[PDB]
file start-v1.pdb (PDB, C-alpha atoms)
ATOM      1  CA  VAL A   1     -33.474 -15.646  39.909  1.00  0.00           C
ATOM      2  CA  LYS A   2     -30.257 -15.978  41.895  1.00  0.00           C
ATOM      3  CA  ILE A   3     -30.377 -12.464  43.363  1.00  0.00           C
ATOM      4  CA  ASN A   4     -34.077 -12.585  44.252  1.00  0.00           C
ATOM      5  CA  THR A   5     -33.834 -15.471  46.726  1.00  0.00           C
ATOM      6  CA  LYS A   6     -31.082 -13.852  48.808  1.00  0.00           C
ATOM      7  CA  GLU A   7     -39.157 -16.496  58.140  1.00  0.00           C
ATOM      8  CA  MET A   8     -39.475 -17.358  61.831  1.00  0.00           C
ATOM      9  CA  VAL A   9     -42.077 -14.654  62.497  1.00  0.00           C
ATOM     10  CA  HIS A  10     -44.178 -15.988  59.620  1.00  0.00           C
ATOM     11  CA  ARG A  11     -44.116 -19.468  61.163  1.00  0.00           C
ATOM     12  CA  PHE A  12     -45.065 -18.070  64.577  1.00  0.00           C
ATOM     13  CA  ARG A  13     -47.931 -16.023  63.123  1.00  0.00           C
ATOM     14  CA  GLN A  14     -49.265 -18.927  61.055  1.00  0.00           C
ATOM     15  CA  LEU A  15     -49.173 -21.224  64.083  1.00  0.00           C
ATOM     16  CA  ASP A  16     -51.023 -18.660  66.205  1.00  0.00           C
ATOM     17  CA  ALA A  17     -53.700 -18.101  63.554  1.00  0.00           C
ATOM     18  CA  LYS A  18     -54.219 -21.834  63.009  1.00  0.00           C
ATOM     19  CA  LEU A  19     -54.483 -22.427  66.759  1.00  0.00           C
ATOM     20  CA  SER A  20     -57.054 -19.639  67.091  1.00  0.00           C
ATOM     21  CA  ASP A  21     -59.117 -21.051  64.215  1.00  0.00           C
ATOM     22  CA  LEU A  22     -58.983 -24.558  65.694  1.00  0.00           C
ATOM     23  CA  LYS A  23     -60.028 -23.218  69.101  1.00  0.00           C
ATOM     24  CA  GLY A  24     -62.965 -21.405  67.515  1.00  0.00           C
ATOM     25  CA  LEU A  25     -64.043 -24.556  65.685  1.00  0.00           C
ATOM     26  CA  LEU A  26     -63.788 -26.567  68.910  1.00  0.00           C
ATOM     27  CA  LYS A  27     -65.863 -23.953  70.742  1.00  0.00           C
ATOM     28  CA  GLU A  28     -68.510 -24.137  68.012  1.00  0.00           C
ATOM     29  CA  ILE A  29     -68.555 -27.938  68.271  1.00  0.00           C
ATOM     30  CA  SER A  30     -68.908 -27.747  72.059  1.00  0.00           C
ATOM     31  CA  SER A  31     -71.770 -25.259  71.728  1.00  0.00           C
ATOM     32  CA  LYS A  32     -73.448 -27.651  69.291  1.00  0.00           C
ATOM     33  CA  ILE A  33     -73.030 -30.463  71.828  1.00  0.00           C
ATOM     34  CA  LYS A  34     -74.535 -28.315  74.596  1.00  0.00           C
TER
ATOM     35  CA  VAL B   1     -17.102 -36.039  65.448  1.00  0.00           C
ATOM     36  CA  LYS B   2     -15.882 -32.616  66.545  1.00  0.00           C
ATOM     37  CA  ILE B   3     -16.433 -30.940  63.168  1.00  0.00           C
ATOM     38  CA  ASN B   4     -19.865 -32.475  62.571  1.00  0.00           C
ATOM     39  CA  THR B   5     -21.579 -30.884  65.578  1.00  0.00           C
ATOM     40  CA  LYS B   6     -20.530 -27.332  64.679  1.00  0.00           C
ATOM     41  CA  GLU B   7     -32.903 -25.302  66.110  1.00  0.00           C
ATOM     42  CA  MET B   8     -35.546 -22.747  67.089  1.00  0.00           C
ATOM     43  CA  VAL B   9     -37.625 -23.321  63.947  1.00  0.00           C
ATOM     44  CA  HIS B  10     -37.644 -27.058  64.659  1.00  0.00           C
ATOM     45  CA  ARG B  11     -38.999 -26.405  68.156  1.00  0.00           C
ATOM     46  CA  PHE B  12     -41.668 -24.061  66.783  1.00  0.00           C
ATOM     47  CA  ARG B  13     -42.724 -26.564  64.112  1.00  0.00           C
ATOM     48  CA  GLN B  14     -42.851 -29.476  66.559  1.00  0.00           C
ATOM     49  CA  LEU B  15     -44.950 -27.440  68.989  1.00  0.00           C
ATOM     50  CA  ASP B  16     -47.366 -26.448  66.219  1.00  0.00           C
ATOM     51  CA  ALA B  17     -47.727 -30.029  64.975  1.00  0.00           C
ATOM     52  CA  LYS B  18     -48.272 -31.403  68.484  1.00  0.00           C
ATOM     53  CA  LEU B  19     -50.875 -28.725  69.216  1.00  0.00           C
ATOM     54  CA  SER B  20     -52.713 -29.527  65.981  1.00  0.00           C
ATOM     55  CA  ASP B  21     -52.712 -33.252  66.775  1.00  0.00           C
ATOM     56  CA  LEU B  22     -53.975 -32.611  70.311  1.00  0.00           C
ATOM     57  CA  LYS B  23     -56.722 -30.339  68.973  1.00  0.00           C
ATOM     58  CA  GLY B  24     -57.781 -33.028  66.509  1.00  0.00           C
ATOM     59  CA  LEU B  25     -57.889 -35.644  69.264  1.00  0.00           C
ATOM     60  CA  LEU B  26     -59.948 -33.308  71.459  1.00  0.00           C
ATOM     61  CA  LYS B  27     -62.353 -32.668  68.578  1.00  0.00           C
ATOM     62  CA  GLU B  28     -62.736 -36.420  68.061  1.00  0.00           C
ATOM     63  CA  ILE B  29     -63.420 -36.892  71.780  1.00  0.00           C
ATOM     64  CA  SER B  30     -66.015 -34.104  71.728  1.00  0.00           C
ATOM     65  CA  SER B  31     -67.706 -35.650  68.689  1.00  0.00           C
ATOM     66  CA  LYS B  32     -67.805 -38.969  70.545  1.00  0.00           C
ATOM     67  CA  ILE B  33     -69.414 -37.212  73.519  1.00  0.00           C
ATOM     68  CA  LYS B  34     -72.017 -35.578  71.263  1.00  0.00           C
TER
END
call {"tool": "encode", "arguments": {"input": "start-v1.pdb", "output": "structure tokens"}}
result
Amino acid sequence: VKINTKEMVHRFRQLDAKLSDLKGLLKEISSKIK
Amino acid sequence: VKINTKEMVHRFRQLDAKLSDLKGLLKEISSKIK
């Protein structure tokens, strides 16, 4: 357990993916409105 | 004081959280419009 444990790019990628998904959802909502 | 003082991930996380909050507010505004 001690040896196994011994990051930023994962955070960047997750943020980008979440932003893209949110933008897609917002675009779908806008299309529904229009 | 000198010893205590001696970052990027915090900036990334704050940006992601602020973007998510802004997207949620925009979605709420769009729902109000529609």
call {"tool": "residues_near_point", "arguments": {"input": "start-v1.pdb", "point": "(-42.3, -21.7, 62.3)", "cutoff": "10 Å", "atoms": "only C-alpha atoms", "output": "MDAnalysis selection string"}}
result
(chainID A and resid 7:15) or (chainID B and resid 8:16)
call {"tool": "calpha_fit_and_write", "arguments": {"input": "start-v1.pdb", "fixed": "chain A", "moving": "chain B", "output": "short mmCIF file (atom, residue, chain, number, x, y, z; two decimals) with C-alpha atoms, keeping the file's coordinate frame"}}
result
data_model
loop_
_atom_site.label_atom_id
_atom_site.label_comp_id
_atom_site.auth_asym_id
_atom_site.auth_seq_id
_atom_site.Cartn_x
_atom_site.Cartn_y
_atom_site.Cartn_z
CA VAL B 1 -33.47 -15.65 39.91
CA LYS B 2 -30.26 -15.98 41.89
CA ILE B 3 -30.38 -12.46 43.36
CA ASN B 4 -34.08 -12.58 44.25
CA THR B 5 -33.83 -15.47 46.73
CA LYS B 6 -31.08 -13.85 48.81
CA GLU B 7 -39.16 -16.50 58.14
CA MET B 8 -39.47 -17.36 61.83
CA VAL B 9 -42.08 -14.65 62.50
CA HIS B 10 -44.18 -15.99 59.62
CA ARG B 11 -44.12 -19.47 61.16
CA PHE B 12 -45.07 -18.07 64.58
CA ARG B 13 -47.93 -16.02 63.12
CA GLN B 14 -49.27 -18.93 61.06
CA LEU B 15 -49.17 -21.22 64.08
CA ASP B 16 -51.02 -18.66 66.20
CA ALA B 17 -53.70 -18.10 63.55
CA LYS B 18 -54.22 -21.83 63.01
CA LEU B 19 -54.48 -22.43 66.76
CA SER B 20 -57.05 -19.64 67.09
CA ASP B 21 -59.12 -21.05 64.22
CA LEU B 22 -58.98 -24.56 65.69
CA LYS B 23 -60.03 -23.22 69.10
CA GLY B 24 -62.96 -21.40 67.52
CA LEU B 25 -64.04 -24.56 65.68
CA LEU B 26 -63.79 -26.57 68.91
CA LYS B 27 -65.86 -23.95 70.74
CA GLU B 28 -68.51 -24.14 68.01
CA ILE B 29 -68.55 -27.94 68.27
CA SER B 30 -68.91 -27.75 72.06
CA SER B 31 -71.77 -25.26 71.73
CA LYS B 32 -73.45 -27.65 69.29
CA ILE B 33 -73.03 -30.46 71.83
CA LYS B 34 -74.53 -28.32 74.60
#
call {"tool": "resolve_selection", "arguments": {"input": "start-v1.pdb", "expression": "the PyMOL selection byres ((chain B and resi 29-31) around 9)", "output": "PyMOL selection string"}}
result
(chain A and resi 26+29-30+33) or (chain B and resi 24-28+32-34)
call {"tool": "write_last_selection", "arguments": {"input": "start-v1.pdb", "atoms": "C-alpha atoms", "output": "CSV table (one decimal), keeping the file's coordinate frame"}}
result
chain,number,residue,atom,x,y,z
A,26,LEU,CA,-63.8,-26.6,68.9
A,29,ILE,CA,-68.6,-27.9,68.3
A,30,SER,CA,-68.9,-27.7,72.1
A,33,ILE,CA,-73.0,-30.5,71.8
B,24,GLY,CA,-57.8,-33.0,66.5
B,25,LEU,CA,-57.9,-35.6,69.3
B,26,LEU,CA,-59.9,-33.3,71.5
B,27,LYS,CA,-62.4,-32.7,68.6
B,28,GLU,CA,-62.7,-36.4,68.1
B,32,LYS,CA,-67.8,-39.0,70.5
B,33,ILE,CA,-69.4,-37.2,73.5
B,34,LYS,CA,-72.0,-35.6,71.3
